[PDB]
Amino acid sequence: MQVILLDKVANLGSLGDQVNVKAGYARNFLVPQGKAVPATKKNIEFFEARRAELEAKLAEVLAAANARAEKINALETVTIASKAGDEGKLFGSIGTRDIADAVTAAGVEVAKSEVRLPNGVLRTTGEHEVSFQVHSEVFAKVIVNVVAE
Amino acid sequence: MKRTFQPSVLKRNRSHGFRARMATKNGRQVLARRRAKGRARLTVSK
Amino acid sequence: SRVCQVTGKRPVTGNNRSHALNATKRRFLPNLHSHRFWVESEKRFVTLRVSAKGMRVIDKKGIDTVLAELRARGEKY
Amino acid sequence: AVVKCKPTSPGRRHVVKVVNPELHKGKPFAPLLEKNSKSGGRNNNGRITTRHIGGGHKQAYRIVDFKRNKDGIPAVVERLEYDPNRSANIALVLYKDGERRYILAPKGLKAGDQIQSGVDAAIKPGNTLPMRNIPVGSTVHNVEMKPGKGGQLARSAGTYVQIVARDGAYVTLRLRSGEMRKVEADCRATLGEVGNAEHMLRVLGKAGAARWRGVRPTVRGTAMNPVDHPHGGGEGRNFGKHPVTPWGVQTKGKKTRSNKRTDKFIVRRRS
RNA sequence: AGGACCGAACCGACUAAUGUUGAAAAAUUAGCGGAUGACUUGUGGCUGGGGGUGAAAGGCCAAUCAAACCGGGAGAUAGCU
RNA sequence: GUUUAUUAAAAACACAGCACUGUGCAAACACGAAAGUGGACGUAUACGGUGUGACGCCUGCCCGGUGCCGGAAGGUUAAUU
RNA sequence: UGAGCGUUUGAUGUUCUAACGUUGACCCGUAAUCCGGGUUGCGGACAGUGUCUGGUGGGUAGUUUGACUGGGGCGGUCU
Ligand SMILES: [K+]
Ligand SMILES: [K+]
Ligand SMILES: [K+]
Ligand SMILES: [K+]
Ligand SMILES: [K+]
Ligand SMILES: [K+]
Ligand SMILES: [Mg+2]
Ligand SMILES: [Mg+2]
Ligand SMILES: [Mg+2]
Ligand SMILES: [Mg+2]
Ligand SMILES: [Mg+2]
Ligand SMILES: [Mg+2]
Ligand SMILES: [Mg+2]
Ligand SMILES: [Mg+2]
Ligand SMILES: [Mg+2]
Ligand SMILES: [Mg+2]
Ligand SMILES: [Mg+2]
Ligand SMILES: [Mg+2]
Ligand SMILES: [Mg+2]
Ligand SMILES: [Mg+2]
Ligand SMILES: [Mg+2]
Ligand SMILES: [Mg+2]
Ligand SMILES: [Mg+2]
Ligand SMILES: [Mg+2]
Ligand SMILES: [Mg+2]
Ligand SMILES: [Mg+2]
Ligand SMILES: [Mg+2]
Ligand SMILES: [Mg+2]
Ligand SMILES: [Mg+2]
Ligand SMILES: [Mg+2]
Ligand SMILES: [Mg+2]
Ligand SMILES: [Mg+2]
Ligand SMILES: [Mg+2]
Ligand SMILES: [Mg+2]
């Protein structure tokens, strides 16, 4: 089916593209998020009415993501305590929720879906690197320390 | 010996009585057939 | 029941015909699936039991025109 | 414990009872009791959907803590108790805050002993810990299948599973069936094996004991007529058919599992 | 203690006789078996006909059962009487 | 103990015990177009199906046939195309 | 890793989540082990269902299973 991309979506196209896509991809991902619109002629003219100013909202969203990423890289170190026994082996875990609540406690707020933990869910104490993304193009790093309760 | 009809009025009314006939569509057709035939006694209810 | 909420496809009845042409009664059921459709207008997911043909006409006509047709028919959701 | 009755009557000749003198001879704990009525093996359509069930002694249901989710609070075992709903015995335990619960009683548990639950409890029998924190090779029971859903595996008397491997988010269990099955590591299990392991060694001795247990007689299909069962019929004892259920599926080797949704969790089927 | 023993109520029904247009469409009389149990019984409730239920006799399902009864297709068909 | 209410109570049925087989739990299985319910608020020392039938001593040889289980490299083979 | 023409269609093997499943947990409607919505975890394009299709299928159903004959069956016969 034919859709119009309102944003850069991976390896499909830029802002505005007569692109042929799979129907499940349009129906379950691209249209329920703000990423694509079906390509009926009313929707094509309705997009082309404000296509010249559609780049401004994407630019300010990218600028807000860059400002949040600099904030995160200015913060750079977060501390969470948890119940660990002999050595460092945490009895529980410090997961997304705990990490997201820790950055909201440390500085300005971050959401639950921004963390991109590559190794795991932080089962051991010590120093860890936690990745963040607010946009599809931006990426940030946080040093996270887990200590005893 | 013990014959087949062992009378209980409460079981009679719960099995064949008027509200048991109205509780289902088929008992309502039973009542409709008896009314169309012109039965002086619609159910077992006294 | 087994009714598509968009197209109104119901189970219909036919015959299972054998090689010796023995007919036995059978049903043709619609290809029905419960599905959550995102409405861009009202910021919501509506769950509809739709046929796959109903999902095709939902993709063709939009979910708003289809939901207007169900609202005109008095179909709730 | 295992006691052979003296043959003072033909129904008592072969009876083997198990006796447990540490079980509580008094009444069960009333706030943990609940009515459960008999079904006769009959569903809500009133039809017999499971044969040979009916009668027997009326039983009260004991609410047994299969979740074991009171973390960090120690409990002391008040008493061991008979449970008519299960082959295992139960334990009335009293926590430190004052709430009483019923747990499945493991083998190495007596009155006065201490149990704990949660991620930081010690590795002793009766302690319930997520299987991430249980070391590999340990013998556990009351095993959760989903995390937080409460114990489903190894609840019968004498039973246990072995945690034979731990890889990633899943541990591998050897069940009492002999099969190896993956269960995720956030699931909880209670250390030790279930007690009352002499429950297999009881001999009912007579038909009446099974009728007290609520099992109605099983009639062989070859004793019936052909209208009642595929095995029915014959002048004298005749069989000449492949052995089947009363609905016609072969009952001497034909496998009946068809899940496909849980097939990823079985690493090896039983032998 | 006991699907333990003897034996009434209670439940059953092995033998014989009578009765066979009966006192009775299955009983009477004399004996007989179980008689704390897989017992028996009252009052309610549930399971519906290719279905139920069956310690299994094709048993029972209202004096009817190798497919209940009632009404309908129906004046089925009958190379038979 | 049970059974052919009403010509058969038995050596028949059941039975405790035994064995085979199924079944990892949303279990197998069953009633049900389905929802669901029983199995079971049970979890393989559990539940279903089958045969055998306390207990004692035992249960030999045959996988050619028919079934069941496992394999899948070849041969053959449906809709589709 | 194959076929046309880097591209496009397959065949497999991983990874993901967003359809779908959840008889996981929690919150709300709500005094509610039904249901629905939400949050979250797990599974995940699998499972499951519709149509078509091959197998299997006395579990169930409708039926057939000849005639002659010194009765019938068995034997024999049928042009
Ligand atoms: K037979
Ligand atoms: K019938
Ligand atoms: K007898
Ligand atoms: K053989
Ligand atoms: K063979
Ligand atoms: K068949
Ligand atoms: Mg059984
Ligand atoms: Mg018990
Ligand atoms: Mg048996
Ligand atoms: Mg038997
Ligand atoms: Mg017989
Ligand atoms: Mg048969
Ligand atoms: Mg013979
Ligand atoms: Mg023979
Ligand atoms: Mg006695
Ligand atoms: Mg006596
Ligand atoms: Mg009396
Ligand atoms: Mg007498
Ligand atoms: Mg005697
Ligand atoms: Mg017979
Ligand atoms: Mg009768
Ligand atoms: Mg008939
Ligand atoms: Mg006619
Ligand atoms: Mg006539
Ligand atoms: Mg006897
Ligand atoms: Mg008789
Ligand atoms: Mg007799
Ligand atoms: Mg269930
Ligand atoms: Mg026998
Ligand atoms: Mg042999
Ligand atoms: Mg094979
Ligand atoms: Mg037939
Ligand atoms: Mg006909
Ligand atoms: Mg002839």
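Below, chains carry the letters A, B, ... as their sequence lines are ordered, and counting in each starts from 1.
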Above 12 or not: heavy atoms from other molecules or residues under 6.0 Å from [atom1] of [X]?
| X | atom1 | answer |
| --- | --- | --- |
| D:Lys58 | NZ | no |
| D:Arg257 | CZ | yes |
| C:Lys53 | NZ | no |

Do the side chain of [X] and the base of [N] come within less than 3.5 angstrom through a donor-acceptor pair of N or O atoms?
| X | N | result |
| --- | --- | --- |
| D:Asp228 | E:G54 | yes |
| D:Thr50 | F:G38 | yes |
| D:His14 | F:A54 | yes |
| D:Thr256 | F:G22 | no |
| D:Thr251 | F:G22 | no |
| D:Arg211 | E:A38 | yes |

Would you tell me if any nitrogen or oxygen in the side chain of [X] comes within less than 4.0 Å of OP1 or OP2 on [N]?
| X | N | result |
| --- | --- | --- |
| D:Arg155 | F:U43 | yes |
| D:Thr262 | F:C25 | yes |
| D:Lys252 | F:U21 | no |
| D:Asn259 | F:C25 | yes |
| D:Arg51 | F:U50 | yes |
| D:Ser39 | F:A40 | no |

> Under the rule that ring centres be under 5.5 Å apart and planes under 30 degrees, are F:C61 and F:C62 stacked?
Replying inline: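 By the ring-centre and plane-angle rule, F:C61 stacks on F:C62.
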> Looking across every strand, which nucleic acid part, if any, lies under 4.0 Å from D:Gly208 by heavy atom: base, sugar-phosphate, or nothing?
Replying inline: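 Base contact.
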>> Closest-nucleotide mapping onto RNA chain F: is D:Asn36 or D:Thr245 further toward the 5' terminus? I mean the 5' end.
In response: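 The residue mapped nearer the 5' terminus is D:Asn36.
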> Ring of C:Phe28 versus six-membered ring of G:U51: centres under 5.5 Å and planes under 30°?
Replying inline: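 Stack criterion not met.
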>> Looking only at the side chain of D:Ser87 (C-beta and beyond, no hydrogens), which of the listed nucleotides F:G42, F:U45, F:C13 gets closest?
In response: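 The nucleotide sitting nearest to the side chain is F:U45.
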>> If you compare all heavy atoms of D:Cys187 against all heavy atoms of D:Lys146, which two are closest, and at what distance to 0.1 Å?
In response: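 Of all heavy-atom pairs spanning D:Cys187 and D:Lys146, the closest is SG-C, 3.5 Å.
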> Judged by atom type as modelled, is there a donor-acceptor pair below 3.5 Å linking the side chain of C:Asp59 to the main-chain atoms of C:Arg56?
Replying inline: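 Such a contact is absent between C:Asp59 side chain and C:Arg56 backbone.
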